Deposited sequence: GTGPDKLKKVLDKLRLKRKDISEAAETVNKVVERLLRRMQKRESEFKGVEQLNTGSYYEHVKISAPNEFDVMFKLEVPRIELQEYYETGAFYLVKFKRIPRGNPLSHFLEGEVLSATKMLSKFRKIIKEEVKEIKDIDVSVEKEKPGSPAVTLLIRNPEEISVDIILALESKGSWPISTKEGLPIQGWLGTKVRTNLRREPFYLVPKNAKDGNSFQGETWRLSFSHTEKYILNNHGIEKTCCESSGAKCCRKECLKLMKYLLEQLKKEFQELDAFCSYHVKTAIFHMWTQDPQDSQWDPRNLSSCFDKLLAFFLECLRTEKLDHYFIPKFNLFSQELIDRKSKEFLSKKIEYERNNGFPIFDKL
C-alpha cells in the first residue's frame, strides 16, 4: 500500500542512465571552462549533493545538485546580526572585494556570466540557463534532451578551519552515529553559498549562508546505529523510504496549492534528521512497521508546524519555521492538509 506508492516513486534505470549521461557531459564541460588560466574560479572542484546523490530523489531523475567549491584560505567570518546562518566574509578574487568584504553578488554575477558563455557554445544538447531567482545560490540549467531536467550549479566557498561557533551544539548525533563520527565530520570543511536576497537589508549583496550539504549526504548514506544497516550482510531499515513518502506528500500538495509556496523539501529533510536523532535504534525503523514509522514522522512534522518550531539541524538557534520566515496561516493550512491525508488514507498519493 505504502509499498505500492514507493514502487511508483522508484526511478527507472533507463531514465537514470539517459539523464546522468547528459548532466555529466554538461557539468564536466562547465567545470573545465572554470579552469581556463584567466578564470577567477580556477581551482574550483566539484561535489555532487542533494537528493539524487543521496538516493532519495523521487518520481523521475529530473533535478540534480552540484557544488562548484572554491577553497578560500585565510578567511575571517563576521556573523550577520546573531542569525547563526548568515555571514560576511573578509589574488584571483580581488575584483569581487569592496574594501576587505567579498561580494557574493559580484562573484555570483561573474560565475553566471562564464556559465552562460559556455552554455551558448554547446551544440550537442538542448540546454539553456534559467533566469536568476532571488534567494538562490545557484545558476540553474534547463536541459530538454527530450525530458526536462534541471541542474543547480551552486557556487560555494570552502573553508577548512573549525566550523563557526553557531554550530557548536548542532549535529546532535552522539546517541545515534556517535562521537567518533561527529568529531570526524566536524574536521571536514564547511561551505558558504551566496544568500542572494533582494530585500533592501544592509549587506544584501555581501551576505553568505552556511551549507553542510556534504555532511548531509554522508548522513543519508551512513544512517544506521549499526554499521551494517541496509548493507548486503545487514538488515534493511525504512529510514530513506519514510523520507521519500514525506517528500512526495509535500511535492503533491505543493503542485496543487499556492498557499504552500513557502515550504520546501529541506523542511522535510530537517524534520527527519530530528526524528532519526529522537529514535536512533535501527529497530525503530523496521520495514515491517513502515506505516507507523511514516505516521510518527507526520505527527512530528505537524507538531513543528503548530508550535512554529523547526530548528536547523546544524545551527540550533536558527528556526526555519519562525513567524519571520513563514506566516501562521501557511503553517495552519499545511497542518490541516496533512491531517486530512493522514486520516482519510492518503488520496493525494493516488493522483
item	value
Missing C-alpha runs, given along the deposited sequence, first residue counted as 1	1-5, 96-102, 364
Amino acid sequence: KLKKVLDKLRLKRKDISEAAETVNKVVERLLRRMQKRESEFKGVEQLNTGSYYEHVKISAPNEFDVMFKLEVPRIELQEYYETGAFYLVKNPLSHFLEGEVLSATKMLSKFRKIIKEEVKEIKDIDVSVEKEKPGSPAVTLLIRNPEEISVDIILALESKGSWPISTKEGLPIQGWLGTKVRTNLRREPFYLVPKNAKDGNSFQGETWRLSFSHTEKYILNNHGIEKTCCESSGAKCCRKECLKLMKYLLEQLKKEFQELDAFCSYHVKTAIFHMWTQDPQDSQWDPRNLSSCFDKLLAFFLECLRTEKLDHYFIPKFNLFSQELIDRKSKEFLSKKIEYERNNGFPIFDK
From here on, numbers count along this sequence of modelled residues.
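Heads up, when I say rigid core I mean the largest set of C-alphas that superpose within 1.5 Å between the two forms.
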| query | finding |
| --- | --- |
| More variable segment, 124-132 or 269-277 [Cα RMS over structures in 7 other deposited structures of this protein, core-superposed] | 124-132 |
| Farther-lying stretch by C-alpha RMS in 7 other deposited structures of this protein (rigid core fit) among 35-43, 289-297 | 35-43 |
| 34-42 set against 47-55, stretch whose average Cα temperature factor tops the other in the entry | 34-42 |
| Entry-level comparison of average CA B-factors, 159-167 and 72-80, reporting the higher stretch | 72-80 |
| Highest-ranked of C229, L243, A271, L97 once sorted by CA temperature factor in the record | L97 |
| Selection from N91, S150, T179, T215 [criterion: highest C-alpha temperature factor in the record] | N91 |
| Cα B factor band for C238 (lowest, middle or highest third within the chain) | lowest |
| Where the record places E303 (Cα B-factor, split into thirds across the chain) | highest |
| Where the record places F257 (Cα B-factor, split into thirds across the chain) | highest |
| Chain third (lowest, middle, highest) by recorded CA B-factor, residue given as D279 | lowest |
| CA B-factor placement of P194, once the chain's modelled residues are sorted into thirds | middle |
